[PDB]
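Below is one structure, written out as structure tokens; the observations come after it.
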Amino acid sequence: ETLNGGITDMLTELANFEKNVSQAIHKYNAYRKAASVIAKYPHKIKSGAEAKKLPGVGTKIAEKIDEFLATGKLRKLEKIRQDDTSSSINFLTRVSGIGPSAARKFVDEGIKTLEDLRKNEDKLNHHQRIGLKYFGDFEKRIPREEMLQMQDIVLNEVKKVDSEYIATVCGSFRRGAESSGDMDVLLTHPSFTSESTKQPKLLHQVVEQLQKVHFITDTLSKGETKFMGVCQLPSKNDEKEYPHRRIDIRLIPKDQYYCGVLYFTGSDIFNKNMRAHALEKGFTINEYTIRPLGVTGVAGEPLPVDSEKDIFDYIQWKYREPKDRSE
DNA sequence: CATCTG
DNA sequence: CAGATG
Ligand code: NA
Ligand code: NA
Ligand SMILES: [Zn+2]
Ligand SMILES: [Zn+2]
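The opening position of the first sequence corresponds to residue 9 in the entry's author numbering, with each subsequent residue numbered one higher.
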């Protein structure tokens, strides 16, 4: 946690490069365990020979750790840090719609910058284009003050669209955070569940309003359940317009919300812990449900949930306000 | 994972 | 349909 940091950090460096730059999924994958293993490893790694001892770690890496130990830097890492071609990728990747795959391409096409983009605005895809258009805003964090404004508006129309809707903004925003990356809203309806066949409108329904009323400006992907879009708080008294922030609406079966709602809220770590103990009280929980573990090694069967309160209760645990849901 | 692209 | 992205 600070005892074999830089080493973990460079391994990570190496890992990401290989993956995104070249296609070293394996090497990449390697970098990763390695960085994962030294991560837990309780001692002061005073050598590669000592590293290697480790599992996942072998011959190549130790070369590296040693150099980093011996001297304060990695030549190959240093040599990587400069290469424009590497840098372009990691940079283009910065776009909403630009994965390393597309990154790699454009670069080999000369497109290496933001301007390049605009120029060759044709070679971008839709998503790809919006990400460009909102390149900056998209990189802008969302301060709670804005979040509640938004949250408010969302909730009022989901209400109008139909009174039976159960929307819920999760995330850290829910975890009580001061700034959130995007608005990730949970959606269900009574009339939507596990077995209940389809009902796309359940989603498209709302997607309109929000648009209808200018809340949503652009769609990034719109389907029956998931909607990946862009929204905007109506710039008040003209002199200040907000940014375009990312939003995501997902329609879920009423029969498996609070499991999801719970789930999505985080933090990962809270999850893990609740998930381990869950395992203790004789259960398992997942992104959709909670069920009874048969001794046979394992077993199914969905437990019914009317609230986060149902779930907690189950594994017999202190209901934790979402504020105190960090770790 | 669900969506879009080609 | 694989393959990409998020
Ligand atoms: Na990207
Ligand atoms: Na393949
Ligand atoms: Zn030690
Ligand atoms: Zn999100």
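Idealized CB from N, CA, C, for every residue including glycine.
Annotation for residue 323: 285, 286, 289 and 291 place their beta carbon closer than 7 Å to its own, counting only its chain and skipping 5 residues before and after. Uninterrupted alpha helix (DSSP H) stretches at least 4 residues long and entirely within the stretch 115–147 occur at 122–127 and 134–141, given in chain order.
For residue 269, the Cβ stays outside the 6 Å cut-off from all heavy atoms of ligand 1. For residue 267 and residue 52, the gap between their C-alpha atoms comes out near 41 Å.
Note on geometry: alpha-carbon atoms of residue 307 and residue 298 lie some 11 Å from one another.
At a threshold of 6 Å, residue 101 counts as near ligand 1, since its beta carbon sits closer than that to one of the ligand's heavy atoms. The closest heavy atom of ligand 1 lies 6 Å or more from the beta carbon of residue 277. Across the set 113, 44, 183 and 14, the C-alpha of 14 shows the shortest separation from the C-alpha of residue 74. Contact between residue 211 and residue 233 is confirmed by a C-beta separation of about 6 Å, below the 8 Å threshold. Straight through space, the alpha carbons of residue 319 and residue 99 are spaced by roughly 42 Å. Looking from the CA of residue 26, the closest CA among 108, 158, 44 and 92 belongs to 108. Put simply, the stretch 250–270 touches the stretch 147–160. At least three CB pairs are less than 8 Å apart. The beta carbon of residue 277 sits closer than 8 Å to the beta carbons of 334 and 335 from its chain, once the five residues preceding and following it are set aside; these are given in chain order.
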